[PDB]
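Chains as they are written, first to last, in the numbering used here: chain A, 105 to 334; chain B, 105 to 334; chain C, 105 to 334; chain D, 105 to 334; chain E, 105 to 334.
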Amino acid sequence: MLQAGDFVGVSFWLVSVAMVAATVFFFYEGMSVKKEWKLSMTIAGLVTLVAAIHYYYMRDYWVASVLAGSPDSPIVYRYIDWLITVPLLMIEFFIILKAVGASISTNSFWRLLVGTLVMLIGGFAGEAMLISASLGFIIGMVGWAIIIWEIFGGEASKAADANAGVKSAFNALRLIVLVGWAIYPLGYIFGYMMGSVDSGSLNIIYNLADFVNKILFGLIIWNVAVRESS
Amino acid sequence: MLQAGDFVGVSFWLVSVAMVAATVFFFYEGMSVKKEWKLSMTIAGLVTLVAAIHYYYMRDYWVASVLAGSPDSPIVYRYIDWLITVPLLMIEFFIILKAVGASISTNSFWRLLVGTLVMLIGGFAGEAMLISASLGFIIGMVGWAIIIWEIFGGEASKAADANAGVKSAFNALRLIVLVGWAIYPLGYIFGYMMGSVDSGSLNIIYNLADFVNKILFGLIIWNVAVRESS
Amino acid sequence: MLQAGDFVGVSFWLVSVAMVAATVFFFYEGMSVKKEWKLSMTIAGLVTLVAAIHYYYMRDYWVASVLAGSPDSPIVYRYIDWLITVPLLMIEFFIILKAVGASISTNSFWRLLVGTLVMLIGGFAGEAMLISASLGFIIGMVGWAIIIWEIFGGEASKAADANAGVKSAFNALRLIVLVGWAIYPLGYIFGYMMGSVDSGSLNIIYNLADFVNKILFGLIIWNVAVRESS
Amino acid sequence: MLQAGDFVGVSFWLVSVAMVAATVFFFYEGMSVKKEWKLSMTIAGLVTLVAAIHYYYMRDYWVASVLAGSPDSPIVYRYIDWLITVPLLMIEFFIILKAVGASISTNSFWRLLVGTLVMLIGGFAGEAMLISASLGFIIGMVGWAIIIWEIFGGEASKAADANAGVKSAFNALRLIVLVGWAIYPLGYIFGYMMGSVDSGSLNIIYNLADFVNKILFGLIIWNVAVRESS
Amino acid sequence: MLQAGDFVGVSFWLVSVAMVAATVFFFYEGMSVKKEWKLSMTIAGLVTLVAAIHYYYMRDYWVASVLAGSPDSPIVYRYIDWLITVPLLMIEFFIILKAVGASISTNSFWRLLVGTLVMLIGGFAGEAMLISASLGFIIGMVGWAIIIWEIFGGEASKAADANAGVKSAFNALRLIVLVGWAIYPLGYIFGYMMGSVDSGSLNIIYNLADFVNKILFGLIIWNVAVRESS
Ligand SMILES: CCCCCCCCCCCCO[C@@H]1O[C@H](CO)[C@@H](O[C@H]2O[C@H](CO)[C@@H](O)[C@H](O)[C@H]2O)[C@H](O)[C@H]1O
Ligand SMILES: CCCCCCCCCCCCO[C@@H]1O[C@H](CO)[C@@H](O[C@H]2O[C@H](CO)[C@@H](O)[C@H](O)[C@H]2O)[C@H](O)[C@H]1O
Ligand SMILES: CCCCCCCCCCCCO[C@@H]1O[C@H](CO)[C@@H](O[C@H]2O[C@H](CO)[C@@H](O)[C@H](O)[C@H]2O)[C@H](O)[C@H]1O
Ligand SMILES: CCCCCCCCCCCCO[C@@H]1O[C@H](CO)[C@@H](O[C@H]2O[C@H](CO)[C@@H](O)[C@H](O)[C@H]2O)[C@H](O)[C@H]1O
Ligand SMILES: CCCCCCCCCCCCO[C@@H]1O[C@H](CO)[C@@H](O[C@H]2O[C@H](CO)[C@@H](O)[C@H](O)[C@H]2O)[C@H](O)[C@H]1O
Ligand SMILES: *C/C=C(C)/C=C/C=C(C)/C=C/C1=C(C)CCCC1(C)C
Ligand SMILES: *C/C=C(C)/C=C/C=C(C)/C=C/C1=C(C)CCCC1(C)C
Ligand SMILES: *C/C=C(C)/C=C/C=C(C)/C=C/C1=C(C)CCCC1(C)C
Ligand SMILES: *C/C=C(C)/C=C/C=C(C)/C=C/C1=C(C)CCCC1(C)C
Ligand SMILES: *C/C=C(C)/C=C/C=C(C)/C=C/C1=C(C)CCCC1(C)C
Ligand SMILES: CCCCCCCCCCCCCCCCCCCC
Ligand SMILES: CCCCCCCCCCCCCCCCCCCC
Ligand SMILES: CCCCCCCCCCCCCCCCCCCC
Ligand SMILES: CCCCCCCCCCCCCCCCCCCC
Numbered sequence: 105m106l107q108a109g110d111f112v113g114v115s116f117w118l119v120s121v122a123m124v125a126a127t128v129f130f131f132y133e134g135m136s137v138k139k140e141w142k143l144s145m146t147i148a149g150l151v152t153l154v155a156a157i158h159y160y161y162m163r164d165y166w167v168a169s170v171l172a173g174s175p176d177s178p179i180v181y182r183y184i185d186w187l188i189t190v191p192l193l194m195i196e197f198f199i200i201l202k203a204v205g206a207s208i209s210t211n212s213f214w215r216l217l218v219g220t221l222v223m224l225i226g227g228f229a230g231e232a233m234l235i236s237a238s239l240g241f242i243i244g245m246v247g248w249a250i251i252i253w254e255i256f257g258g259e260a261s262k263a264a265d266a267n268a269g270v271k272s273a274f275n276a277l278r279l280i281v282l283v284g285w286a287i288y289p290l291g292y293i294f295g296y297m298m299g300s301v302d303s304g305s306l307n308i309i310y311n312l313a314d315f316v317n318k319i320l321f322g323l324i325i326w327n328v329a330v331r332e333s334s
Numbered sequence: 105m106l107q108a109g110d111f112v113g114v115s116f117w118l119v120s121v122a123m124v125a126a127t128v129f130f131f132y133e134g135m136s137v138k139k140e141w142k143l144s145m146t147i148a149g150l151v152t153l154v155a156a157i158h159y160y161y162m163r164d165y166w167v168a169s170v171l172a173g174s175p176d177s178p179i180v181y182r183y184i185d186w187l188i189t190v191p192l193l194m195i196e197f198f199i200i201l202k203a204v205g206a207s208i209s210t211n212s213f214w215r216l217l218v219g220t221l222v223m224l225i226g227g228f229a230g231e232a233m234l235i236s237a238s239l240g241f242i243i244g245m246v247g248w249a250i251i252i253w254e255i256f257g258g259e260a261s262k263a264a265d266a267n268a269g270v271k272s273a274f275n276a277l278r279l280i281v282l283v284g285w286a287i288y289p290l291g292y293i294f295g296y297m298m299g300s301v302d303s304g305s306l307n308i309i310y311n312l313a314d315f316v317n318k319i320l321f322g323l324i325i326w327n328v329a330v331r332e333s334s
Numbered sequence: 105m106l107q108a109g110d111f112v113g114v115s116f117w118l119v120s121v122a123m124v125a126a127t128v129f130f131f132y133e134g135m136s137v138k139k140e141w142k143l144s145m146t147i148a149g150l151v152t153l154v155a156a157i158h159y160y161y162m163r164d165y166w167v168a169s170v171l172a173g174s175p176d177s178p179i180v181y182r183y184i185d186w187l188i189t190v191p192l193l194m195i196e197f198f199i200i201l202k203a204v205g206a207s208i209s210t211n212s213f214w215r216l217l218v219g220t221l222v223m224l225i226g227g228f229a230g231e232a233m234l235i236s237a238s239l240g241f242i243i244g245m246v247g248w249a250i251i252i253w254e255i256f257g258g259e260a261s262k263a264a265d266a267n268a269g270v271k272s273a274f275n276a277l278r279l280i281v282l283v284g285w286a287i288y289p290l291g292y293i294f295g296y297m298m299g300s301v302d303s304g305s306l307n308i309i310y311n312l313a314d315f316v317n318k319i320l321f322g323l324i325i326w327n328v329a330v331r332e333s334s
Numbered sequence: 105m106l107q108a109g110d111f112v113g114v115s116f117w118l119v120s121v122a123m124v125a126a127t128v129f130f131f132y133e134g135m136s137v138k139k140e141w142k143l144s145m146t147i148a149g150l151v152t153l154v155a156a157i158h159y160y161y162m163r164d165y166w167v168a169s170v171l172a173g174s175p176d177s178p179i180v181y182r183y184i185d186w187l188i189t190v191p192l193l194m195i196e197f198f199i200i201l202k203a204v205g206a207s208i209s210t211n212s213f214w215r216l217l218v219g220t221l222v223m224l225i226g227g228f229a230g231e232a233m234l235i236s237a238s239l240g241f242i243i244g245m246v247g248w249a250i251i252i253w254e255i256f257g258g259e260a261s262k263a264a265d266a267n268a269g270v271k272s273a274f275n276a277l278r279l280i281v282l283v284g285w286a287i288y289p290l291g292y293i294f295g296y297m298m299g300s301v302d303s304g305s306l307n308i309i310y311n312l313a314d315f316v317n318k319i320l321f322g323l324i325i326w327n328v329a330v331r332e333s334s
Numbered sequence: 105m106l107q108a109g110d111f112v113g114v115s116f117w118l119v120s121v122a123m124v125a126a127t128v129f130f131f132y133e134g135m136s137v138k139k140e141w142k143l144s145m146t147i148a149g150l151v152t153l154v155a156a157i158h159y160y161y162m163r164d165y166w167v168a169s170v171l172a173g174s175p176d177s178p179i180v181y182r183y184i185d186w187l188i189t190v191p192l193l194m195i196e197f198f199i200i201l202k203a204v205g206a207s208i209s210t211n212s213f214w215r216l217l218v219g220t221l222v223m224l225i226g227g228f229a230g231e232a233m234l235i236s237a238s239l240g241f242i243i244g245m246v247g248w249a250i251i252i253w254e255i256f257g258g259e260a261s262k263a264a265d266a267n268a269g270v271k272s273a274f275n276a277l278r279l280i281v282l283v284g285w286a287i288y289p290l291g292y293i294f295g296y297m298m299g300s301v302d303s304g305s306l307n308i309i310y311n312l313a314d315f316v317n318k319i320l321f322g323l324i325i326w327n328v329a330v331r332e333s334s
């Protein structure tokens, strides 16, 4: 059971229920957008669904840990969700371009998918101590650099500028990725490589950031689906 | 297991099952209202769904507490649901205006959403002892004042008076918010700041009030959706 | 685990699974009746759903009780389901009249809903020892008298006689209510006020009676929905 | 946890997951057959759903029993599923005749339903030691004789011969009932009355036979629904 | 709870959540492909669903095992999923040929289904020590040889070459079966009959290979369904 002074556990509870709510929202609304937009909504629901399932597990772990007198929820177990949800979120950049009928190579899809996995496998390997934390940071920054380029100066960026319906959503989502998602590499540096931030602080931040970095991402996509389904 | 003479636990059981029933009702009926009304029904189902999930957790907590000989379910854990359900319920004021094709700025939507979060974060901070209870009450009353103004003298109020289909539902819902929802600030004053009411009494009241403050809210919205889907 | 020779526990298992089956049936078939009939099917599914959820809880309680050497499942916990399912079942009398396009005041709906809650709150208060068992019986008989009058000599009765499609279903359902449902006041008298029947006998009877008093009620409604959806 | 060399427990695991798979299949495909065939598919899904729920329970029981050093899963708990699933399966003989638009009295439906319950109540009473095992066998054989006659020489048999679309499915299903289902009375004789077969052997056989006696039954019905939905 | 440095347990967590995601994806998207393709999508969802349910069980087992100080998850319990999922995956070769309206005997369907079960029953019998591991390998290789022939030189192969829409998917899927699925017989030889590979290594490999051997299989099928649903 969650104790009352435990803000980390409160944050796990909040985000766990938010994510169940988000899942149902995307799935149920996805049934009522134009067919072109249905896949978008599906991906959003999947993202929130994986997160929900994992947060249900992770919250249990935390609470146990707090009863056993040493509260910890290691960042490394986050990757069980990130390995799935982060590639899904990134392919949404391709998917919504397709939905507005932008012309865009499938090469953009693979660039997005590989860059995302390079980024995550680098960090996971570093956190799981399979390789040096420095080497994991570098490999992960390479992945980052690829995805950032795709959506800020690469094909997907250019496709989005050509289309006008998606242009503004694309701009919102790419900002979340640029700025919203910067907490993760920051946690890896200051949390993990430097030890300047405790895991409990990190867990609160990561938990609260999921309102932006996943739910608001999905709601921006729903907003354009619904304006385009008109 | 729920013990004999435990009305608090009985109230948790009643409301927990009511809320599952409500969720399914809104989702299943939402499939059969006009498309304009589908989002309304979705929000209602989400509200009852979050509440159901949380009441399942909270009832477990209570029962444990009663076996351990000190029965308590602190109000603070209510905010895990309120932080999500209360903003959802309030945005229904915007959503149903849109469904009847009222003209209404999105500024009304943000005013509703911010005022609601100011209201709740103020109370949560006060209850979680992050700030003085007095300061949390004041900040929360500011949030309240904003939402009350929106639906009683602000844009949403005026839009609703212009439309005739939603006028009467809008009036019902705004009364629930004005009167039905007054139990919450009252519990904060008499329960928490004054200690004149025990948490067990509060928990019964809050549990029973969810029939009005959430379910009847949703059923009023369904009633207008169905009269307008004709 | 359910032990050998435990017919009470067997009855809980039977009814718990029947009710899950019934729920899915009503929801899945409700998707394929004429729109006029969809709400009926919804209410039936809700009734069986609440019952299923509660029987899952109650069966657990019983089994525990049998391991702890004193087998009891008090009737009072039945009211957690009855408070919801009984009003739902009774409003079906109004709903199916509306579905056949009978003319029927909403006053009939409120009479049904109030009479049902008077009936149950009276009994609950009596069991639960909030008031005398005698007084709870009387108050509950008042509720009964109201609902019986509505469907045997009141508006709903007359509406049903005017319509021919629903006439025969209405007659079946009102007989279940008159006769099928008489076990409940009987249990209160002989079980609770007189002590002439043990709770274990009562629990078997109540469990088995749910085949008639809820499932067959729902199947009669489905049968007319399907003959009218043609 | 399922232990090494436990084939009985392996069989429970296999069948439990098969039955979940079957349920989802029938429900999801039932959404895509002609409306005439939707009820068939519903009944099949219900059958597999009850079985799945019960096998989840029963497998837990077995595993417990094996840890407590005496492995037993008594046949008597099978009746909790059979009492529901066997009547459902048998009414499929009526339902698919209706789906092909055969002319068939509802008397055939009641004959099927009563004969099935006579058959099962007889066996249950015998196994639960409420009556002699001999008497339970006799009463159950009476039930059997009724259903066998209905589908091999009674109205349903004749209706099916008149129709050509269902003729061959009807023949397949009646053979499963004649032959596939003979394991059950055989287990009652050799298992229970004679003691010549242990419950563990019986449980393996019954578990494996559900591939034929329930799933293949449902798949034959789906096969004709889909050839008729063309 | 999943412990630190447990890559086997991490792999179980990853795959368990991936498979839930995959299930929902196939079911939800299957609602939006042409009717010809709906069964394909159904089979894919079933495959991932069984796997998910089993991985939820298996991960629990592993974690227990690691607390009890001897980490093992025997390959034999894999067959509880394989016995169902592998026949399903293989019949997809028939199903998608039907969906593109290829001419193909049902004999191909039975050849696929029998060859698959021969293959698995042989291995299961060998692993469960019911027969020699050698004999189980041989019997299983016979099953393999049948299915490989069907899709590389048999009817299904030839049908697929005649059609052009499915040709390329058929080629992708048959390569996964040829190459992707070779890990399983390899594990049986080197893992089980030779002991050259520990179960923990095997479990990681098998867990990770499900991204290819089940999910990517399903996504290739979805990709052709969606290009053909256009
Ligand atoms: C279309 C509409 C559908 C209607 C669906 C309504 C669902 C029913 C609502 C209640 C269900 C939730 O009920 C219960 O909630 C608690 C906490 O919230 C969950 O949580 C508990 O167990 C899980 C799983 O081990 C842990 O991760 C968690 O830490 C613990 O608190 C339970 O796993 C869930 O069973
Ligand atoms: C379209 C609708 C179709 C729906 C199909 C029908 C669904 C039927 C499901 C009923 C079974 C409910 O099953 C069980 O219910 C009990 C109470 O009843 C729940 O409750 C129990 O465990 C949860 C676990 O966190 C606790 O929160 C709770 O305090 C405790 O009493 C269980 O979590 C649930 O597993
Ligand atoms: C309609 C679309 C298809 C949907 C497919 C659904 C398949 C579900 C398969 C069965 C699920 C498991 O069903 C399982 O059954 C047993 C009893 O029957 C329950 O039983 C257990 O928990 C409940 C509630 O916590 C207790 O009341 C009970 O004493 C205990 O044994 C499990 O809680 C439930 O999890
Ligand atoms: C079809 C549309 C999409 C559906 C959603 C996606 C699939 C959902 C995956 C759920 C995974 C099941 O997760 C878990 O499985 C194990 C066995 O596998 C179940 O089994 C465990 O508990 C039950 C209930 O007491 C026992 O009967 C059983 O003996 C035990 O092993 C758990 O009760 C279930 O929670
Ligand atoms: C499709 C639209 C609607 C979808 C709605 C989605 C709601 C579901 C959200 C999360 C539900 C909770 O999901 C939760 O996940 C954790 C971690 O993976 C599981 O955790 C537990 O599961 C089973 C229990 O037998 C074990 O195998 C496992 O080891 C254990 O940790 C919980 O059983 C489940 O309760
Ligand atoms: C829903 C969860 C999200 C959006 C997670 C995002 C995670 C990242 C963007 C991770 C990035 C990393 C780098 C850029 C380098 C260092 C390693 C990582 C994995 C932390
Ligand atoms: C479903 C739950 C509901 C409707 C909860 C509503 C809660 C409020 C309206 C809370 C209001 C508060 C104030 C007005 C000031 C004091 C602090 C609060 C949060 C108790
Ligand atoms: C599904 C459960 C059902 C149909 C329950 C019905 C219950 C009643 C009709 C209860 C009736 C009572 C009276 C008529 C007076 C005495 C008190 C009651 C509540 C037992
Ligand atoms: C899915 C389960 C099935 C098909 C169960 C079938 C059970 C029977 C056909 C039982 C038959 C019996 C008799 C014919 C007489 C003896 C008693 C029974 C109940 C074992
Ligand atoms: C999703 C799981 C999959 C695809 C499992 C596949 C398993 C096989 C292809 C097993 C093959 C075997 C042989 C070819 C011979 C030896 C025995 C087996 C069962 C390991
Ligand atoms: C920052 C957003 C986080 C949301 C919290 C999780 C709750 C579940 C999300 C469901 C939200 C549906 C909201 C619908 C918005 C409708 C009006 C939009 C008009 C601009
Ligand atoms: C009389 C008791 C009924 C209890 C049934 C318990 C099992 C769950 C309900 C399944 C629903 C079965 C639907 C059968 C429809 C029969 C069609 C025949 C028309 C006369
Ligand atoms: C005798 C074996 C009967 C089959 C049992 C299968 C059990 C586990 C899976 C249940 C789901 C089956 C879905 C089958 C789809 C078959 C499509 C056939 C195409 C002609
Ligand atoms: C290599 C296998 C990759 C899939 C791994 C599974 C990850 C979880 C389930 C993901 C399912 C969703 C994939 C959607 C892909 C949409 C492809 C866009 C067009 C090419």
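Note that CB positions come from ideal geometry on N, CA and C, so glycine has one too.
Count the other CB atoms, across all protein chains shown, that sit within 10 Å of the CB of residue i; report buried if there are 16 or more and exposed otherwise.
| i | result |
| --- | --- |
| residue 73 of chain A | No answer is possible for residue 73 of chain A: it lies beyond the span of chain A, which begins at 105 and ends at 334. |
| A:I243 | buried |
| B:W214 | exposed |
| B:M233 | exposed |
Just to confirm, are residue i and residue j a CB contact at a threshold of 8 Å?
| i | j | result |
| --- | --- | --- |
| C:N311 | C:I280 | no |
Please state whether DSSP places residue i in a helix, a strand or coil.
| i | result |
| --- | --- |
| B:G304 | helix |
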